Amino acid sequence: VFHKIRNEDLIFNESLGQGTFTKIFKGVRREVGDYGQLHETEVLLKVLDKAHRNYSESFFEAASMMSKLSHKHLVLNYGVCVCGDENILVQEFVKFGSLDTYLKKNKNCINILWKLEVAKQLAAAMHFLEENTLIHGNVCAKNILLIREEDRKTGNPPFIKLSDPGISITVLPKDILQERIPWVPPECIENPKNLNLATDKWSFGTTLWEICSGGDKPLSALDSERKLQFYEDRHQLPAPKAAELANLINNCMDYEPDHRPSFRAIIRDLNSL
Ligand SMILES: O=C1CC(c2ccccc2)=Nc2c(-c3ccccc3)c(C(F)(F)F)nn21
(Lines give C-alpha, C1' and ligand atoms only; values in the text may rest on other atoms or scores of the structure.)
Protein backbone atom coordinates (compact mmCIF):
# COMPACT_ATOMS: atom_id res chain seq x y z
CA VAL A 1 0.00 0.00 0.00
CA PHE A 2 2.51 2.51 1.27
CA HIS A 3 3.36 5.61 -0.71
CA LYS A 4 7.15 5.84 -0.90
CA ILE A 5 8.39 9.31 0.06
CA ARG A 6 11.83 10.53 -1.00
CA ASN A 7 14.36 11.28 1.74
CA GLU A 8 15.15 14.55 0.00
CA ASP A 9 11.52 15.69 0.35
CA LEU A 10 11.64 15.23 4.15
CA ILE A 11 13.18 17.69 6.62
CA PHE A 12 13.62 16.53 10.24
CA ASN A 13 13.11 19.20 12.90
CA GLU A 14 12.50 19.03 16.64
CA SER A 15 12.65 15.80 18.64
CA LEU A 16 9.28 15.16 20.32
CA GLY A 17 10.08 11.99 22.26
CA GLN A 18 10.41 8.27 21.78
CA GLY A 19 8.41 5.10 21.52
CA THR A 20 9.43 1.49 21.78
CA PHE A 21 12.63 1.22 19.70
CA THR A 22 11.75 4.51 17.97
CA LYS A 23 12.44 8.25 18.02
CA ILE A 24 9.72 10.77 17.17
CA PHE A 25 10.27 14.07 15.34
CA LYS A 26 8.35 16.95 13.88
CA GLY A 27 9.29 17.59 10.28
CA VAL A 28 8.28 18.99 6.92
CA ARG A 29 7.40 17.12 3.72
CA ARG A 30 7.72 18.89 0.37
CA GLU A 31 5.01 17.57 -1.90
CA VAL A 32 2.91 18.15 -4.99
CA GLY A 33 -0.67 18.39 -3.78
CA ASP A 34 -4.05 18.31 -5.37
CA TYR A 35 -4.00 20.74 -8.27
CA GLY A 36 -0.29 20.42 -8.95
CA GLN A 37 0.31 22.93 -6.16
CA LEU A 38 3.58 22.62 -4.27
CA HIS A 39 3.22 22.37 -0.50
CA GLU A 40 5.43 22.25 2.59
CA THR A 41 3.38 20.09 4.96
CA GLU A 42 3.98 19.53 8.68
CA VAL A 43 4.55 15.84 9.33
CA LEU A 44 5.06 13.54 12.29
CA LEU A 45 8.12 11.36 11.69
CA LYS A 46 8.79 8.06 13.46
CA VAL A 47 12.26 6.54 13.03
CA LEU A 48 12.95 2.94 13.95
CA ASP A 49 16.20 2.74 15.90
CA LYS A 50 19.02 1.47 13.69
CA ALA A 51 19.98 -1.06 16.36
CA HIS A 52 16.46 -2.54 16.16
CA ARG A 53 16.00 -2.62 12.40
CA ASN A 54 15.27 -6.34 12.72
CA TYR A 55 11.81 -5.26 13.94
CA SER A 56 11.17 -3.27 10.75
CA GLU A 57 8.45 -5.63 9.53
CA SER A 58 6.34 -5.22 12.67
CA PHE A 59 7.14 -1.49 12.78
CA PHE A 60 5.61 -0.97 9.33
CA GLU A 61 2.77 -3.50 9.73
CA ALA A 62 1.53 -1.51 12.72
CA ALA A 63 0.95 1.50 10.47
CA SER A 64 -0.17 -0.50 7.41
CA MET A 65 -3.05 -2.00 9.37
CA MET A 66 -4.39 1.45 10.24
CA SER A 67 -3.78 2.87 6.76
CA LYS A 68 -6.06 0.34 5.04
CA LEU A 69 -8.98 1.96 6.91
CA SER A 70 -10.14 5.59 6.98
CA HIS A 71 -11.99 7.09 9.94
CA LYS A 72 -12.23 10.57 11.39
CA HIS A 73 -10.75 9.36 14.71
CA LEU A 74 -7.75 7.54 13.12
CA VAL A 75 -4.47 9.29 12.31
CA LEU A 76 -3.63 9.53 8.62
CA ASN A 77 -0.57 7.79 7.27
CA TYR A 78 1.20 9.56 4.45
CA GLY A 79 3.87 7.05 3.51
CA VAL A 80 7.24 5.59 4.34
CA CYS A 81 10.86 6.41 3.67
CA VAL A 82 13.45 3.61 3.73
CA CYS A 83 16.87 5.27 3.40
CA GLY A 84 19.29 2.36 3.56
CA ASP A 85 19.47 1.70 7.30
CA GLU A 86 16.65 4.14 8.17
CA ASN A 87 13.05 2.95 8.42
CA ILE A 88 10.78 5.99 8.66
CA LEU A 89 7.03 6.35 8.96
CA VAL A 90 5.49 9.63 7.77
CA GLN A 91 2.16 10.52 9.36
CA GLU A 92 -0.22 13.38 10.08
CA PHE A 93 1.01 15.96 12.57
CA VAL A 94 -1.66 16.47 15.24
CA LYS A 95 -1.48 19.97 16.59
CA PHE A 96 -1.77 19.56 20.38
CA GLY A 97 0.07 16.24 20.72
CA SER A 98 -0.38 13.37 23.13
CA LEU A 99 -3.34 13.19 25.45
CA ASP A 100 -1.34 11.96 28.43
CA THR A 101 0.90 15.03 28.51
CA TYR A 102 -2.06 17.30 27.74
CA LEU A 103 -4.06 15.85 30.64
CA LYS A 104 -1.23 16.56 33.08
CA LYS A 105 -0.56 20.11 31.89
CA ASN A 106 -4.24 21.10 31.89
CA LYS A 107 -5.58 18.89 34.69
CA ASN A 108 -7.00 21.91 36.52
CA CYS A 109 -9.26 23.06 33.68
CA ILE A 110 -10.40 19.68 32.29
CA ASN A 111 -13.77 18.68 33.74
CA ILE A 112 -15.85 15.52 33.60
CA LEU A 113 -17.71 16.52 30.42
CA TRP A 114 -14.41 16.94 28.58
CA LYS A 115 -13.28 13.51 29.80
CA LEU A 116 -16.61 11.97 28.81
CA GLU A 117 -16.46 13.44 25.30
CA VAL A 118 -12.92 12.13 24.79
CA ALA A 119 -13.89 8.70 26.14
CA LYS A 120 -16.84 8.61 23.73
CA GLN A 121 -14.62 9.49 20.78
CA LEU A 122 -12.06 6.83 21.73
CA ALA A 123 -14.89 4.30 22.08
CA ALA A 124 -16.19 5.26 18.62
CA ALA A 125 -12.77 4.61 17.14
CA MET A 126 -12.50 1.26 18.93
CA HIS A 127 -16.00 0.24 17.86
CA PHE A 128 -14.95 0.94 14.27
CA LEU A 129 -11.90 -1.28 14.70
CA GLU A 130 -13.95 -4.00 16.39
CA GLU A 131 -16.49 -3.99 13.54
CA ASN A 132 -13.55 -4.44 11.15
CA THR A 133 -12.06 -7.21 13.37
CA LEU A 134 -8.89 -5.17 13.53
CA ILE A 135 -6.81 -5.47 16.69
CA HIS A 136 -4.94 -2.31 17.78
CA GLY A 137 -2.96 -3.83 20.64
CA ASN A 138 -1.50 -0.73 22.25
CA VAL A 139 -4.38 1.54 23.29
CA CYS A 140 -3.01 4.14 25.71
CA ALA A 141 -3.22 7.88 26.27
CA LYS A 142 0.28 8.48 24.85
CA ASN A 143 -1.04 7.12 21.54
CA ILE A 144 -4.11 9.42 21.50
CA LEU A 145 -3.51 12.84 19.92
CA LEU A 146 -5.51 16.04 20.40
CA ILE A 147 -6.15 17.79 17.10
CA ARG A 148 -8.54 20.41 18.55
CA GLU A 149 -9.04 21.87 22.01
CA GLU A 150 -12.46 22.44 23.54
CA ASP A 151 -13.85 25.91 22.77
CA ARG A 152 -16.11 26.88 25.68
CA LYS A 153 -17.29 30.07 23.96
CA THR A 154 -18.67 28.10 20.98
CA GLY A 155 -19.49 24.76 22.64
CA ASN A 156 -16.99 23.02 20.34
CA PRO A 157 -15.78 19.74 21.91
CA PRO A 158 -12.16 18.59 21.98
CA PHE A 159 -11.38 16.24 19.07
CA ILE A 160 -8.96 13.30 19.28
CA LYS A 161 -7.32 10.80 16.94
CA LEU A 162 -5.74 7.43 17.71
CA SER A 163 -2.25 6.69 16.36
CA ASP A 164 -0.85 3.29 15.35
CA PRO A 165 0.22 0.76 17.99
CA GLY A 166 3.93 0.48 17.05
CA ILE A 167 5.79 -2.84 17.11
CA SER A 168 3.43 -5.58 18.24
CA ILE A 169 3.48 -7.06 21.71
CA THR A 170 3.48 -10.41 19.89
CA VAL A 171 7.16 -9.78 19.03
CA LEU A 172 8.45 -7.56 21.82
CA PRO A 173 10.74 -8.79 24.61
CA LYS A 174 8.81 -10.06 27.62
CA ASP A 175 10.47 -7.45 29.85
CA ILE A 176 8.87 -4.64 27.83
CA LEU A 177 5.40 -6.19 28.05
CA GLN A 178 5.80 -6.35 31.84
CA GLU A 179 6.69 -2.66 32.05
CA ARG A 180 3.48 -2.07 30.05
CA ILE A 181 1.29 -3.58 32.77
CA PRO A 182 -1.53 -2.63 33.25
CA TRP A 183 -2.20 -1.64 29.63
CA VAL A 184 -1.10 -5.09 28.49
CA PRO A 185 -3.81 -7.49 29.70
CA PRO A 186 -3.11 -10.46 31.98
CA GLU A 187 -3.69 -13.08 29.26
CA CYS A 188 -0.99 -11.49 27.05
CA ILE A 189 1.47 -11.55 29.91
CA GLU A 190 0.69 -15.28 30.17
CA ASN A 191 1.16 -15.72 26.43
CA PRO A 192 1.62 -12.84 23.94
CA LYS A 193 -0.10 -14.99 21.31
CA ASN A 194 -3.30 -14.40 23.30
CA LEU A 195 -3.59 -11.00 21.54
CA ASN A 196 -7.25 -10.72 20.50
CA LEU A 197 -9.97 -8.11 20.19
CA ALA A 198 -10.62 -8.53 23.91
CA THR A 199 -7.12 -7.10 24.48
CA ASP A 200 -8.32 -3.67 23.36
CA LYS A 201 -11.25 -3.66 25.79
CA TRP A 202 -8.84 -4.13 28.73
CA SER A 203 -6.46 -1.44 27.44
CA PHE A 204 -9.39 0.90 26.79
CA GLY A 205 -10.21 0.58 30.48
CA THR A 206 -6.63 1.44 31.47
CA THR A 207 -6.76 4.42 29.11
CA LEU A 208 -10.02 5.69 30.67
CA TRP A 209 -8.27 5.50 34.02
CA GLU A 210 -5.53 7.73 32.60
CA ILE A 211 -8.10 10.16 31.15
CA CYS A 212 -9.74 10.33 34.59
CA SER A 213 -6.49 10.65 36.57
CA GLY A 214 -5.06 13.83 35.15
CA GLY A 215 -2.24 12.13 33.29
CA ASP A 216 -1.06 9.89 36.14
CA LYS A 217 0.28 6.52 35.06
CA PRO A 218 -1.42 3.56 36.78
CA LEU A 219 0.81 1.44 38.98
CA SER A 220 3.81 3.64 38.13
CA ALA A 221 5.06 3.14 41.70
CA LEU A 222 5.41 -0.60 41.10
CA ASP A 223 8.50 -2.16 39.53
CA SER A 224 7.99 -4.91 36.94
CA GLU A 225 8.03 -7.76 39.46
CA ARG A 226 5.33 -6.13 41.56
CA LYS A 227 3.34 -5.39 38.39
CA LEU A 228 3.42 -9.09 37.51
CA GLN A 229 2.31 -9.97 41.04
CA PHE A 230 -0.49 -7.38 40.78
CA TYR A 231 -1.91 -9.55 37.97
CA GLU A 232 -1.22 -12.79 39.88
CA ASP A 233 -3.23 -11.51 42.84
CA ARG A 234 -6.01 -10.31 40.45
CA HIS A 235 -6.10 -6.77 41.74
CA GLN A 236 -7.95 -3.95 40.01
CA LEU A 237 -6.96 -0.31 39.65
CA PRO A 238 -8.01 2.14 42.36
CA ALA A 239 -11.02 4.27 41.49
CA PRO A 240 -9.92 7.60 40.00
CA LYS A 241 -10.68 10.33 42.51
CA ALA A 242 -12.91 11.66 39.72
CA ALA A 243 -14.81 8.39 39.94
CA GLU A 244 -17.63 8.87 37.42
CA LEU A 245 -16.11 6.27 35.04
CA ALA A 246 -14.75 3.87 37.69
CA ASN A 247 -17.41 1.21 37.12
CA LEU A 248 -16.82 1.26 33.36
CA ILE A 249 -13.04 0.98 33.89
CA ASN A 250 -13.48 -2.02 36.11
CA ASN A 251 -15.96 -3.66 33.76
CA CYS A 252 -13.51 -3.31 30.86
CA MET A 253 -10.54 -4.52 32.90
CA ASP A 254 -12.15 -7.92 33.47
CA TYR A 255 -9.68 -10.72 34.10
CA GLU A 256 -11.93 -12.98 32.02
CA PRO A 257 -11.45 -11.76 28.42
CA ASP A 258 -14.77 -13.20 27.18
CA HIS A 259 -16.66 -11.16 29.78
CA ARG A 260 -15.36 -7.78 28.65
CA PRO A 261 -18.20 -5.71 27.13
CA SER A 262 -18.58 -5.00 23.43
CA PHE A 263 -17.69 -1.50 22.36
CA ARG A 264 -21.36 -1.10 21.44
CA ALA A 265 -22.24 -1.82 25.08
CA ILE A 266 -19.44 0.49 26.22
CA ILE A 267 -20.80 3.34 24.11
CA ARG A 268 -24.31 2.68 25.50
CA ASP A 269 -22.90 2.96 29.04
CA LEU A 270 -21.06 6.19 28.23
CA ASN A 271 -24.13 7.79 26.64
CA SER A 272 -26.06 7.16 29.87
CA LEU A 273 -24.08 9.79 31.79
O1 LIG B 1 1.21 14.20 15.70
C2 LIG B 1 1.81 14.41 16.76
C3 LIG B 1 2.10 15.63 17.44
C4 LIG B 1 2.81 15.70 18.65
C5 LIG B 1 3.10 17.02 19.37
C6 LIG B 1 4.09 17.10 20.39
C7 LIG B 1 4.37 18.28 21.10
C8 LIG B 1 3.65 19.45 20.84
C9 LIG B 1 2.64 19.42 19.88
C10 LIG B 1 2.38 18.23 19.16
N11 LIG B 1 3.22 14.51 19.24
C12 LIG B 1 2.96 13.34 18.65
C13 LIG B 1 3.28 11.95 19.03
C14 LIG B 1 4.05 11.53 20.20
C15 LIG B 1 3.72 10.42 21.01
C16 LIG B 1 4.51 10.05 22.12
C17 LIG B 1 5.68 10.79 22.45
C18 LIG B 1 6.06 11.87 21.64
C19 LIG B 1 5.25 12.23 20.53
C20 LIG B 1 2.75 11.20 18.02
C21 LIG B 1 2.72 9.68 17.86
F22 LIG B 1 2.35 9.36 16.61
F23 LIG B 1 3.93 9.19 18.12
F24 LIG B 1 1.82 9.10 18.71
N25 LIG B 1 2.14 11.93 17.06
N26 LIG B 1 2.25 13.25 17.44
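Just a yes or no: is a residue in the stretch 2-13 in contact with a helix residue (DSSP H, G or I) (Cβ under 8 Å, 6 or more places away or on another chain) and either in a strand (DSSP E or B) or under 30 Å from residue 120 (Cβ atoms) (or both)? There is no residue in the stretch 2-13 that is in contact with a helix residue (DSSP H, G or I) (Cβ under 8 Å, 6 or more places away or on another chain) and either in a strand (DSSP E or B) or under 30 Å from residue 120 (Cβ atoms) (or both).
Within the stretch 24-33, is even one residue closer than 30 Å to residue 123 by Cβ and not assigned by CATH to the domain that holds residue 101? Yes; the residues of the stretch 24-33 include at least one that is closer than 30 Å to residue 123 by Cβ and not assigned by CATH to the domain that holds residue 101. Inspect all residues belonging to the stretch 188-197 and state whether any of them is in a helix (DSSP H, G or I), of a type outside the set (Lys, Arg), out of contact with any strand residue (DSSP E or B) (no Cβ under 8 Å at 6 or more places or on another chain) and within 13 Å of residue 139 (Cα to Cα). So far as the stretch 188-197 goes, yes, one or more of its residues are in a helix (DSSP H, G or I), of a type outside the set (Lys, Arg), out of contact with any strand residue (DSSP E or B) (no Cβ under 8 Å at 6 or more places or on another chain) and within 13 Å of residue 139 (Cα to Cα). Restricting attention to the stretch 101-120, the residues that are under 14 Å from the mean Cα position of the chain (by Cα) and more than 16 Å from the ligand (Cβ to nearest atom) add up to 1.
Would you be able to say whether some residue in the stretch 194-201 is surrounded by fewer than 17 Cβ atoms within 10 Å (Cβ to Cβ) and of a type in the set (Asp, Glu)? Within the stretch 194-201, not a single residue is surrounded by fewer than 17 Cβ atoms within 10 Å (Cβ to Cβ) and of a type in the set (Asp, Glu). The numbered conditions (1) among the basic types (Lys, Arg); (2) touching a strand residue (DSSP E or B) at 6+ places or on another chain (Cβ under 7 Å); (3) outside any loop (DSSP other than H, G, I, E, B) are all true for residue 95 except (3).
For residue 269, the conditions (1) free of Cβ contacts under 8 Å to residues at least 24 places away in the same chain; (2) assigned to a loop (DSSP other than H, G, I, E, B); (3) closer than 25 Å to residue 126 by Cα; (4) of a type outside the set (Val, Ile, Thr) all hold with the exception of (2). Within the stretch 122-145, the residues that satisfy the criterion of being at negative phi and in contact with a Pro (Cβ under 6 Å, 6 or more places away or on another chain) are 136, 138.
When only residues in the stretch 28-48 that are within 16 Å of the ligand (Cβ to nearest atom) and touching a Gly at 6+ places or on another chain (Cβ under 6 Å) count, which is nearest to residue 93 (Cα to Cα)?
To start, the set of residues in the stretch 28-48 that are within 16 Å of the ligand (Cβ to nearest atom) comprises 28-29, 41-48.
From what is left, the residues that are touching a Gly at 6+ places or on another chain (Cβ under 6 Å) are 43, 45.
Working: 43: 5, 45: 9 Å.
Selected residue: 43.
A quick yes/no check of all residues on (1) of a type outside the set (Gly, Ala, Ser); (2) over 25 Å from residue 262 (Cβ atoms); (3) not in a helix (DSSP H, G or I):
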residue: 100; (1), (2), (3): yes, yes, no
residue: 104; (1), (2), (3): yes, yes, no
residue: 108; (1), (2), (3): yes, yes, yes
residue: 116; (1), (2), (3): yes, no, no
residue: 121; (1), (2), (3): yes, no, no
residue: 127; (1), (2), (3): yes, no, no
residue: 134; (1), (2), (3): yes, no, yes
residue: 138; (1), (2), (3): yes, no, yes
residue: 147; (1), (2), (3): yes, yes, yes
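Residue 167 satisfies every condition listed in (1) within 16 Å of the ligand (Cβ to nearest atom); (2) more than 13 Å from the chain's Cα centre (by Cα); (3) of a type in the set (A, V, I, L, M, F, W, C); (4) part of a loop (DSSP other than H, G, I, E, B) except (2).
So basically every Cβ, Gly included, is an ideal-geometry build from the backbone, and we count neighbours across all protein chains shown. Basis: the model, the stated rules and, where named, an outside source; none is laboratory data.
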